[PDB]
Colleague: 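Please read through the structure below; I'll follow up with questions.
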Amino acid sequence: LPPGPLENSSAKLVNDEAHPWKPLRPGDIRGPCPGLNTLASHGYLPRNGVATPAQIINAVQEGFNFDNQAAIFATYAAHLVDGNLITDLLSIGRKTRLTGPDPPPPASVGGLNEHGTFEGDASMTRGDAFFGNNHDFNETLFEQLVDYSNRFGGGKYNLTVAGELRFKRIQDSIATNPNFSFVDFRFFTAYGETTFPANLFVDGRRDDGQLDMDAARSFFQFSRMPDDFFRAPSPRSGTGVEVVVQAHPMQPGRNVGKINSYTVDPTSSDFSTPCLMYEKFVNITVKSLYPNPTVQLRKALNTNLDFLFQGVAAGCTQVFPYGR
Ligand SMILES: *[C@@H]1O[C@H](CO)[C@@H](O[C@@H]2O[C@H](CO)[C@@H](O[C@@H]3O[C@H](CO[C@H]4O[C@H](CO[C@H]5O[C@H](CO)[C@@H](O)[C@H](O)[C@@H]5O)[C@@H](O)[C@H](O[C@H]5O[C@H](CO)[C@@H](O)[C@H](O)[C@@H]5O)[C@@H]4O)[C@@H](O)[C@H](O[C@H]4O[C@H](CO[C@H]5O[C@H](CO)[C@@H](O)[C@H](O)[C@@H]5O)[C@@H](O)[C@H](O)[C@@H]4O[C@H]4O[C@H](CO)[C@@H](O)[C@H](O)[C@@H]4O)[C@@H]3O)[C@H](O)[C@H]2NC(C)=O)[C@H](O)[C@H]1NC(C)=O
Ligand code: HEM
Ligand SMILES: *[C@@H]1O[C@H](CO)[C@@H](O[C@@H]2O[C@H](CO)[C@@H](O[C@@H]3O[C@H](CO)[C@@H](O)[C@H](O)[C@@H]3O)[C@H](O)[C@H]2NC(C)=O)[C@H](O)[C@H]1NC(C)=O
Ligand SMILES: *[C@@H]1O[C@H](CO)[C@@H](O[C@@H]2O[C@H](CO)[C@@H](O)[C@H](O)[C@H]2NC(C)=O)[C@H](O)[C@H]1NC(C)=O
Ligand SMILES: *[C@@H]1O[C@H](CO)[C@@H](O)[C@H](O)[C@H]1NC(C)=O
Ligand SMILES: [Cl-]
Ligand SMILES: [Mg+2]
């Protein structure tokens, strides 16, 4: 019941008659992900910003040609930590009554806005949770993306710009955020996310990895596809992530309660240990939210954990927080 890959994955107009941009209505939810935000604001996703895992996987495939394996891993990771496992509903932003009754602690069901579950620090266009707003578009951070595009990309965002801006944001957070955390799941997502604008926001007829700043603003700020936008011509997600990782090689770590105190975490996964990243996500992060689930919640957890495993890096063994 995770959707499979697109039967037809060719480039096509996705800013079409059936999927017009509309402004936000009172109550509509938007969050820290410009990709899901754009799909909601073009009605690929429900325009209110509440969705099921299957709607999200269909929408990122249909609207952007996100690859099926990456869609499955990201969607079921997010739903396991931020979504209501009983109703099968996830907010793409703030915590809402609309996803169902607030679960017994320590589960949070906080939507994609929930800090430290999926969302984390050193986002390109969003502030760190520590500073009080982890989801709204930040013009100072966007201006920095434009500046790094001018410096390293001839005015366009590309994998070279991604490498420099990723490092600058890490350095920004080490210097200013006493609770800065850059380990395990966020260490992985923080690098992959910087490739998405080059791989997925670039018009599919061109697919040259060079994103112009008008398109960049339209997606990041307004959740809006360019006029006549064509999706990528094949499924992809994090192509070129190794280029960004190696631009300024980092060890995973955290500040220890003061600025400029970045301490390497030797227990953290990194890009050499993708199976450990999956193992710690399920056996520490998911387990911490659902330490002794009821019979009903245990069944929903195991179903969604089976789905998550379908998205894992080839070669990893399934991990069972609740046995089999
Ligand atoms: C992802 O996460 C999941 C967790 O979410 C991981 O899955 C878990 O993995 C752990 C580790 O394998 C499992 O823990 C093991 O559980 C078994 C079974 O426990 C149950 O059965 C025993 C025995 O019951 C029988 O006998 C009694 C009488 O004695 C009867 O009354 C019964 O009816 C049975 O016939 C019970 O004693 C257990 O009760 C305890 O636990 C329950 C529930 O918590 C309590 O309510 C009880 O009151 C009681 O406290 C239970 O019912 C168990 O036998 C294993 O114990 C052995 O290993 C532990 C840990 O040993 C290591 O760690 C310590 C440091 O903590 C260190 O000192 C040691 O040297 C080892 O490094 C020992 O403490 C025990 O003494 C015992 O040791 C013996 O056997 C081991 C070999 O395994 C050997 O090392 C020793 O030398 C010694 O001979 C153990 O606790 C979980 O069950 C499992 N959970 C699930 C859901 O599957 C998953 O691994 C992870 N994945 C990854 C990839 O990381
Ligand atoms: C598959 C389902 C997806 C989920 C669950 C998801 C979830 C998230 C979340 C929670 C964040 C916030 C992380 C952070 O920066 O703190 C994020 C960031 C991001 N996502 Fe998504 N996402 C998905 C798919 C996509 C797609 C398809 C795109 C591109 C079309 C995309 C582009 C981005 C970008 C660019 C960021 C970084 C924003 C920034 O740092 O300024 N995502 N995603
Ligand atoms: C958007 O993101 C930007 C960039 O990360 C945030 O900018 C930071 O905002 C804080 C204040 O809220 C500034 O802190 C101040 O620094 C001065 C001078 O060093 C000091 O006198 C004050 O005590 C205060 O701490 C900080 O300088 C600033 N950083 C940058 C690069 O501009 C911003 O808050 C985010 N949100 C919004 C709504 O823009
Ligand atoms: C990011 O943009 C910069 C600037 O366009 C690229 O560096 C240029 O690459 C072209 C190759 O087609 C060369 O003709 C120039 O010599 C380079 N100019 C500068 C200023 O370095 C870089 O290749 C781009 N990165 C990616 C991954 O596409
Ligand atoms: C796949 O999609 C494109 C739409 O851009 C279309 O031209 C092509 O015919 C489609 N293939 C099939 C078998 O329908
Ligand atoms: Cl695919
Ligand atoms: Mg963030």
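Atoms within each ligand, like the ligands themselves, are counted from 1 in listed order. The basis for the numbers below is simple: all heavy atoms, side chains too, and nothing from hydrogens, waters or symmetry mates. Starting from 1, each residue takes its place in the sequence as its number.
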Colleague: If only side-chain N and O atoms count, and only distance matters, is there a donor-acceptor pair under 3.5 Å linking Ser234 with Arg236?
Modeller: yes
Colleague: Please work out whether any backbone atom (N, CA, C, O) or any side-chain heavy atom from C-beta onward of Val60 is under 4.0 Å from ligand 2, and answer side chain, backbone, both or neither.
Modeller: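 Side chain only.
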Colleague: What atoms in ligand 2 come closer than 4.0 Å to a heavy atom of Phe196?
Modeller: 31 (C), 32 (C), 33 (C)
Colleague: I need the nearest protein heavy-atom contact for atom 22 (N) of ligand 2: residue, atom name and distance, please.
Modeller: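 Here the nearest protein heavy atom works out to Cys33 SG, 3.2 Å.
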Colleague: Ignoring hydrogens and geometry, is there a side-chain-to-backbone donor-acceptor pair from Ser9 to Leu6 under 3.5 Å?
Modeller: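 No, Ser9 side chain to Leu6 backbone: no donor-acceptor pair under 3.5 Å.
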Colleague: With the threshold set at 4.0 Å, does a side-chain nitrogen-carboxylate oxygen contact exist between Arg126 and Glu193?
Modeller: no
Colleague: Can you find an N or O of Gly120 that's nearer than 3.5 Å to an N or O of ligand 2?
Modeller: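 N/O-N/O distance below 3.5 Å exists for this pair.
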Colleague: For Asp67 and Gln61, does a side-chain donor sit closer than 3.5 Å to a side-chain acceptor?
Modeller: no
Colleague: Among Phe167, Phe196, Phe271, which one satisfies ring pair (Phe, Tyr, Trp, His ring centres under 6.0 Å) with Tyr191?
Modeller: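 Looking at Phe167, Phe196, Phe271, the match for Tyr191 under the ring pair (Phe, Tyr, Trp, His ring centres under 6.0 Å) is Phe271.
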Colleague: Scan residues 78-104 for pairs that pass ring pair (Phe, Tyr, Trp, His ring centres under 6.0 Å), counting only residues two or more places apart or in two chains.
Modeller: none
Colleague: Output the distance between atom OG1 (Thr125) and atom CZ (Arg217), rounded to the nearest 0.5 Å.
Modeller: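 Those atoms lie 10.5 Å apart.
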Colleague: Quick one: look up the protein heavy atom nearest atom 28 (C) of ligand 2 and list residue, atom name and how far away it is.
Modeller: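 Sorting protein heavy atoms by distance from atom 28 (C) of ligand 2 puts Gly35 CA, 3.8 Å first.
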Colleague: Quick one: which ligand 2 atoms are inside 4.0 Å of a heavy atom on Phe220?
Modeller: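 The atoms of ligand 2 under 4.0 Å from a heavy atom of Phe220 are 41 (O).
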Colleague: As an exercise, identify every atom of ligand 2 less than 4.0 angstrom from a heavy atom of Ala78.
Modeller: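 Checking each atom against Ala78, I get 5 (C).
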Colleague: Looking just at side-chain N and O atoms, do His248 and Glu164 make a donor-acceptor pair shorter than 3.5 Å?
Modeller: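 There is such a pair between these side chains.
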Colleague: In terms of ring plane angle, is the pair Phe182 and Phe180 parallel, tilted or perpendicular, where the classes change at 30° and 60°?
Modeller: parallel
Colleague: Suppose I only count heavy atoms of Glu119 and a 4.0 Å limit; which atoms of ligand 2 are within that range?
Modeller: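 The list of qualifying atoms is 16 (O).
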Colleague: Return the residue, atom name and 0.1 Å-rounded distance of the protein heavy atom closest to atom 27 (C) of ligand 2.
Modeller: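 Its nearest protein heavy-atom neighbour is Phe66 CD1, 3.5 Å.
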Colleague: Sequence neighbours left out, what passes ring-ring contact (aromatic ring centres under 6.0 Å, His included) with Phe219? Give chain and number order.
Modeller: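 ring-ring contact (aromatic ring centres under 6.0 Å, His included) check on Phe219 returns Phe64, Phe201, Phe229.
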Colleague: What part of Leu141 sits under 4.0 Å from ligand 2 if we count only heavy atoms: the side chain, the backbone, both or neither?
Modeller: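 Near ligand 2, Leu141 shows nothing, with every heavy atom at 4.0 Å or more.
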Colleague: Among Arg30, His19, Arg47, whose side-chain hydrogen bond (donor to acceptor under 3.5 Å, both in side chains) with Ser41 holds?
Modeller: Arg30
Colleague: Tell me the contacting part of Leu36 for ligand 2: side chain, backbone, both, or neither, using a 4.0 Å heavy-atom threshold, strictly below.
Modeller: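 It is the side chain that gets close, since no backbone atom is under 4.0 Å.
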Colleague: Salt bridge between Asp147 and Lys168, side-chain N to carboxylate O under 4.0 Å?
Modeller: no
Colleague: May I ask you to decide if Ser223's main-chain N or O and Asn37's side chain share a donor-acceptor pair within less than 3.5 Å?
Modeller: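 A pair under 3.5 Å: no.
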Colleague: Is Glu193 in polar range of ligand 2, meaning some N or O pair under 3.5 Å apart?
Modeller: yes
Colleague: Suppose I only count heavy atoms of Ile56 and a 4.0 Å limit; which atoms of ligand 2 are within that range?
Modeller: 2 (C)
Colleague: Identify whether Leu308 and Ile86 are in the same connected component of the hydrophobic contact network (ILVMFWY, side-chain heavy atoms under 4.5 Å).
Modeller: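 The answer is yes; both residues are in one hydrophobic cluster.
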Colleague: List the closest protein heavy-atom neighbour of atom 16 (O) of ligand 2: residue, atom name, distance to the nearest 0.1 Å.
Modeller: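 Nearest neighbour among protein heavy atoms for atom 16 (O) of ligand 2, to 0.1 Å: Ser123 OG, 2.8 Å.
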Colleague: What residues come within 4.0 Å of ligand 3, counting heavy atoms only?
Modeller: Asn138, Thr140, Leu141
Colleague: May I ask you to list the atoms of ligand 2 that are less than 4.0 angstrom from any heavy atom of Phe118?
Modeller: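 This gives 7 (C), 8 (C), 9 (C), 10 (C) as the contact atoms.
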Colleague: Tell me whether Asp102 is salt-bridged to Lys95, with the criterion being a basic N under 4.0 Å from an acidic carboxylate O.
Modeller: yes
Colleague: To which protein heavy atom is atom 29 (C) of ligand 2 closest, and what is the distance rounded to 0.1 Å?
Modeller: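 For atom 29 (C) of ligand 2, the nearest protein heavy atom is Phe201 CE2, 3.8 Å.
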Colleague: So which protein heavy atom does atom 36 (C) of ligand 2 come closest to, and at what separation?
Modeller: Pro34 CD, 3.6 Å
Colleague: Under the 6.0 Å and 45° cation-pi test, does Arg224 pair with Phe222?
Modeller: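 No, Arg224 and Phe222 do not form such a contact.
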Colleague: Report the member of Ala74, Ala59, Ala71 with the shortest heavy-atom distance to atom 5 (C) of ligand 2.
Modeller: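 The nearest heavy atom belongs to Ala74.
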Colleague: Answer yes or no: does an N/O atom from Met124 fall short of 3.5 Å to an N/O atom of ligand 2?
Modeller: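 Such a contact does occur with ligand 2.
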Colleague: So, 4.0 Å and heavy atoms of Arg186: is ligand 2 close enough to count as a contact?
Modeller: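 Within the 4.0 Å threshold, so yes.
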Colleague: Can you tell me which residue and heavy atom of the protein come closest to atom 41 (O) of ligand 2, and the distance to 0.1 Å?
Modeller: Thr125 OG1, 2.7 Å
Colleague: I'd like a table of the close N/O pairs between ligand 5 and the protein (anything under 3.5 Å), one pair per line with both atom names and the distance.
Modeller:
| from | atom 1 | to | atom 2 | distance (Å) |
| --- | --- | --- | --- | --- |
| ligand 5 | 2 (O) | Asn8 | OD1 | 3.3 |
| ligand 5 | 2 (O) | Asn8 | ND2 | 2.3 |
| ligand 5 | 2 (O) | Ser10 | OG | 3.2 |
| ligand 5 | 5 (O) | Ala11 | O | 3.3 |
| ligand 5 | 11 (N) | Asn8 | ND2 | 3.0 |

Colleague: Less than 6.0 angstrom from the centroid, inside 45 degrees of the normal: does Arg298 satisfy that with respect to the ring of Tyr322?
Modeller: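 Judged by the rule, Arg298 and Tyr322 form no cation-pi pair.
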Colleague: Just by distance, no angles: are the side chains of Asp184 and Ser269 close enough, under 3.5 Å, to form a donor-acceptor pair?
Modeller: yes
Colleague: Let me know which of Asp172, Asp121, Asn179 forms a side-chain contact (heavy atoms from CB on, under 4.5 Å) with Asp128.
Modeller: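 It is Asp121, the one option of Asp172, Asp121, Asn179 that forms the side-chain contact (heavy atoms from CB on, under 4.5 Å) with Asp128.
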Colleague: Considering only non-hydrogen protein atoms, determine which one is nearest to atom 1 (C) of ligand 2 and report residue, atom name and distance to 0.1 Å.
Modeller: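 Here the nearest protein heavy atom works out to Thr75 OG1, 3.5 Å.
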Colleague: Are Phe185 and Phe118 close enough that their ring centers fall under 6.0 Å?
Modeller: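 For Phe185 and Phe118, the ring centres are under 6.0 Å apart.
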